[PDB]
């Protein structure tokens, strides 16, 4: 089904993110996708356009000496093809350590991601790390 194909695409995307494989990661996102990062840090906001998403992703890895990881724990689906990834983000940056849980809500258009929205459990921890 559609919903499981979208789940497969999410799994492929976490793997490609974690390995820095931005060529695969491209295939999986619509060129007009958005990415929504909550909170009050310098990397918060609505990043509109796949190019703006991948700049965000580049800051995630860039600013942590490539230590930033998304450890995927569970993948959930709606019958209509929405997908959530539950994960933990870990990373190091200037003597600080990140370890926070997150649910990303993925919306799809024609099998590609059109929207991703991060929901961190301890948003304060994320913001503290990025301060």
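Numbering follows the first chain given and starts at 1.
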* Tell me which of 5 to 13 and 21 to 29 has the higher mean C-alpha B-factor in the deposited entry. => 21 to 29
* Mind pulling up the entry and telling me whether 39 to 47 or 81 to 89 has the higher mean Cα temperature factor? => 39 to 47
* Asked: Among the chain's modelled residues, which third holds the C-alpha B-factor of residue 34?
  -> lowest
* Asked: Within this chain, which third does the Cα B-factor at residue 73 fall in: lowest, middle or highest?
  -> middle
* Structure fact -> Chain-relative C-alpha B factor for residue 55 (record values, thirds): the middle
* **Chain third (lowest, middle, highest) by recorded CA B-factor, residue given as residue 100** => middle
